[PDB]
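Trainee: Pasting a structure here, questions to come.
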Amino acid sequence: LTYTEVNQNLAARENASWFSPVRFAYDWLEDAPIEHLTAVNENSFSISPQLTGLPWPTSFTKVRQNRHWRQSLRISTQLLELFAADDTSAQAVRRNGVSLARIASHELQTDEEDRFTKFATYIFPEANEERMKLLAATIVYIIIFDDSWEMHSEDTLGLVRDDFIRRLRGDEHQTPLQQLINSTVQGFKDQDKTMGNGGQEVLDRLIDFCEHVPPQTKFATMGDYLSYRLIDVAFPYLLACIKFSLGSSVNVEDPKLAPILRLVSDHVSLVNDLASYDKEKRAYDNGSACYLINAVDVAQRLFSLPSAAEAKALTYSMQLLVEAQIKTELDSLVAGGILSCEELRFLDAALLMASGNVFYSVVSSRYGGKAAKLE
């Protein structure tokens, strides 16, 4: 498992210019009993994790990487900077006392190409250069305004959050941070005038993300947990971003697409909880995080397994069943002849999000830490 060979076999030789080097190889199933489980062009290009020795704990085989990821880091560093310097953002603190200025500074400490924005390179791979710039900016909004619904409207964070909401809707002295926020909003409106109506939807779901209070923590079933996790992972926002990355006008809420899209949401939740369990279990065992809220844990309780390792295996199992269901449901939709080109394009990009969520979670620093570094 060598840095040189992974980054050799990942993308075609032709695309090495735009290629984004891979620096980690995290196996979140390393100590999980899974011998019974088997998993067998303008704006993006194919990534081929099968052809490396990268851990590839999924049966999806189409992964893609955005070409313009380098040009996309600017507006999101701009927002991270302006948030780190804004005076109100320093007084706008979460329930845990941490301020918005502090959140932006902590993410500015990470290297530019390995921040939480790198997600977009693999889950929104079809965005052109200008559309990718705005999506990377909204990922900063997701980072900053996470858990901002907890605060009262009259707390400092509540005012920054509700001010942010009003700019996203369309409604004196404008701070430089608000100025940039106004521009991103204008940017999405500009793209809608060009093509598609997904830009305003991305803002609308960001509003919904800042207001929707999550559903508690009694999970009598895994369906109950995954209904909470669809909200928690900001899944409606993610679909808006997929639609916007395509310049699409597809109705994401069409009941014909509801079953395959709830499956995709289940996949993204399961993968992300599998990837993040170790981190979230350490953050609970040393006290850093208050609770442990994770599908692996819910499965360990509900199916009464001895340890997290068995739980990870059962959870991975159910993830592989979700994938089989997705392929069956997509094949059925294609066979019934009830999908336009635009809807098929949207669903294919939904799947690119699902496979790209796996890839980013294997090759990022975020979940495997420093142990999974390649040499």
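Every chain in the structure tokens takes a letter, A first, then B, and so on in the order presented; its residues are numbered from 1, and the ligands are numbered from 1 following the presented order.
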List the neighbours of residue 160 of chain A out to 10 Å using only C-alpha atoms; skip same-chain residues closer than 6 positions along the sequence, and give me the result as a PDB file with N, CA, C and O atoms, in the first residue's frame.

Mentor:
```pdb
ATOM      1  N   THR A  88     -18.892  40.015  15.368  1.00  0.00           N
ATOM      2  CA  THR A  88     -20.070  39.306  15.853  1.00  0.00           C
ATOM      3  C   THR A  88     -19.837  37.808  15.841  1.00  0.00           C
ATOM      4  O   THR A  88     -20.267  37.092  16.754  1.00  0.00           O
ATOM      5  N   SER A  89     -19.125  37.317  14.827  1.00  0.00           N
ATOM      6  CA  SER A  89     -18.847  35.893  14.754  1.00  0.00           C
ATOM      7  C   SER A  89     -17.999  35.420  15.921  1.00  0.00           C
ATOM      8  O   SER A  89     -18.015  34.227  16.240  1.00  0.00           O
ATOM      9  N   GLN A  91     -18.458  36.645  19.048  1.00  0.00           N
ATOM     10  CA  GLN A  91     -19.414  36.629  20.152  1.00  0.00           C
ATOM     11  C   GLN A  91     -20.558  35.638  19.950  1.00  0.00           C
ATOM     12  O   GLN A  91     -21.292  35.367  20.911  1.00  0.00           O
ATOM     13  N   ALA A  92     -20.733  35.110  18.731  1.00  0.00           N
ATOM     14  CA  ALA A  92     -21.803  34.165  18.404  1.00  0.00           C
ATOM     15  C   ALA A  92     -21.351  32.749  18.753  1.00  0.00           C
ATOM     16  O   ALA A  92     -20.652  32.098  17.978  1.00  0.00           O
ATOM     17  N   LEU A 100     -18.359  31.045  16.430  1.00  0.00           N
ATOM     18  CA  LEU A 100     -18.246  30.849  14.992  1.00  0.00           C
ATOM     19  C   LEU A 100     -16.860  31.238  14.497  1.00  0.00           C
ATOM     20  O   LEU A 100     -16.282  30.544  13.649  1.00  0.00           O
ATOM     21  N   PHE A 145     -22.711  26.938  10.357  1.00  0.00           N
ATOM     22  CA  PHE A 145     -24.029  27.067  10.962  1.00  0.00           C
ATOM     23  C   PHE A 145     -24.594  25.750  11.488  1.00  0.00           C
ATOM     24  O   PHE A 145     -25.740  25.724  11.948  1.00  0.00           O
ATOM     25  N   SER A 148     -26.593  25.617  14.847  1.00  0.00           N
ATOM     26  CA  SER A 148     -27.013  26.972  15.149  1.00  0.00           C
ATOM     27  C   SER A 148     -28.499  27.053  15.481  1.00  0.00           C
ATOM     28  O   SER A 148     -28.953  28.082  16.000  1.00  0.00           O
ATOM     29  N   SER A 153     -33.275  32.775  19.166  1.00  0.00           N
ATOM     30  CA  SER A 153     -33.123  33.792  18.130  1.00  0.00           C
ATOM     31  C   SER A 153     -32.425  35.041  18.645  1.00  0.00           C
ATOM     32  O   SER A 153     -31.823  35.772  17.847  1.00  0.00           O
ATOM     33  N   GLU A 154     -32.469  35.288  19.960  1.00  0.00           N
ATOM     34  CA  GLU A 154     -31.951  36.514  20.553  1.00  0.00           C
ATOM     35  C   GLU A 154     -30.563  36.347  21.146  1.00  0.00           C
ATOM     36  O   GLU A 154     -29.954  37.343  21.548  1.00  0.00           O
ATOM     37  N   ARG A 166     -31.926  35.506   6.323  1.00  0.00           N
ATOM     38  CA  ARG A 166     -32.595  36.570   5.573  1.00  0.00           C
ATOM     39  C   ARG A 166     -31.843  36.913   4.284  1.00  0.00           C
ATOM     40  O   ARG A 166     -32.470  37.161   3.252  1.00  0.00           O
ATOM     41  N   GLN A 178     -20.891  39.826   5.431  1.00  0.00           N
ATOM     42  CA  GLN A 178     -22.213  39.886   4.818  1.00  0.00           C
ATOM     43  C   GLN A 178     -22.120  40.195   3.337  1.00  0.00           C
ATOM     44  O   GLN A 178     -22.932  39.704   2.543  1.00  0.00           O
TER      45      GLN A 178
END
```

Trainee: Tell me which protein, DNA and RNA residues are within 8 Å of segment 254-260 of chain A, counting only C-alpha atoms, leaving out same-chain ones fewer than 4 positions away, and put them as a PyMOL selection string.

Mentor: chain A and resi 264+326+329-330

Trainee: Generate a file of the selected residues that holds N, CA and C atoms, formatted as a short mmCIF file (atom, residue, chain, number, x, y, z; two decimals), in the first residue's frame.

Mentor:
```cif
data_model
loop_
_atom_site.label_atom_id
_atom_site.label_comp_id
_atom_site.auth_asym_id
_atom_site.auth_seq_id
_atom_site.Cartn_x
_atom_site.Cartn_y
_atom_site.Cartn_z
N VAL A 264 -30.66 6.12 -1.29
CA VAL A 264 -29.39 6.83 -1.38
C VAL A 264 -29.08 7.54 -0.06
N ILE A 326 -30.72 -0.36 -4.35
CA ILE A 326 -30.60 0.81 -5.21
C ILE A 326 -30.47 0.39 -6.67
N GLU A 329 -33.77 -0.91 -7.88
CA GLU A 329 -34.73 0.17 -8.09
C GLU A 329 -34.39 1.02 -9.31
N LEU A 330 -33.10 1.27 -9.55
CA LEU A 330 -32.72 2.03 -10.74
C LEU A 330 -32.97 1.23 -12.00
#
```

Trainee: Write out as JSON, numbers by chain all residues of segment 18-164 of chain A that backbone DSSP assigns to helix (DSSP H, G or I).

Mentor: {"A": [49, 50, 51, 70, 71, 72, 73, 74, 75, 76, 77, 78, 79, 80, 81, 82, 83, 84, 85, 87, 88, 89, 90, 91, 100, 101, 102, 103, 104, 105, 106, 107, 108, 112, 113, 114, 116, 117, 118, 119, 120, 121, 122, 123, 129, 130, 131, 132, 133, 134, 135, 136, 137, 138, 139, 140, 141, 142, 143, 144, 145, 156, 157, 158, 159, 160, 161, 162, 163, 164]}

Trainee: Do you have, as a tab-separated table, the list of residues of segment 94-139 of chain A lying at most 7 Å from segment 36-53 of chain A, each with its nearest atom pair and that distance in Å to one decimal, counting only C-alpha atoms and ordered by chain then number?

Mentor:
```
residue	atom	partner	partner_atom	distance
A:125	CA	A:44	CA	5.8
A:126	CA	A:43	CA	5.6
A:127	CA	A:43	CA	6.5
A:128	CA	A:43	CA	5.6
```

Trainee: Set the distance at 12 Å and use only C-alpha atoms: which residues neighbour residue 262 of chain A once local chain neighbours fewer than 2 positions away are removed? I'd like the list as a ChimeraX atom specification.

Mentor: /A:223,226-227,229-231,235-236,239,252-253,255-260,264-269,322-323,325-326,329,347,350,354

Trainee: Residue 243 of chain A: which residues within 7 Å, counting only C-alpha atoms, same-chain residues fewer than 5 positions away excluded, as an MDAnalysis selection string?

Mentor: chainID A and resid 198 248 346

Trainee: Smallest atom-to-atom distance to residue 142 of chain A: which of A:114, A:82, A:208, A:190, using only C-alpha atoms?

Mentor: A:208

Trainee: Find the spatial neighbours of residue 240 of chain A, counting only C-alpha atoms, within a cut-off of 12 Å - ignore same-chain residues fewer than 3 positions away - and output them as a ChimeraX atom specification.

Mentor: /A:124,135,138,188,196-206,208,234-237,243-253,346,349-350

Trainee: Find the residue from A:12, A:241, A:34, A:372 that sits nearest to residue 131 of chain A; use only C-alpha atoms when measuring.

Mentor: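 Smallest distance to residue 131 of chain A is found for A:241.
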
Trainee: Select, from A:302, A:353, A:314, A:101, the residue with the minimum atom-to-atom distance to residue 66 of chain A, counting only C-alpha atoms.

Mentor: A:353

Trainee: One number please: atom CA of residue 90 of chain A to atom CA of residue 103 of chain A, in Å, one decimal.

Mentor: 9.6 Å

Trainee: Under the rule that only C-alpha atoms are counted, which of A:319, A:147, A:170, A:357 is the nearest residue to residue 98 of chain A?

Mentor: A:147
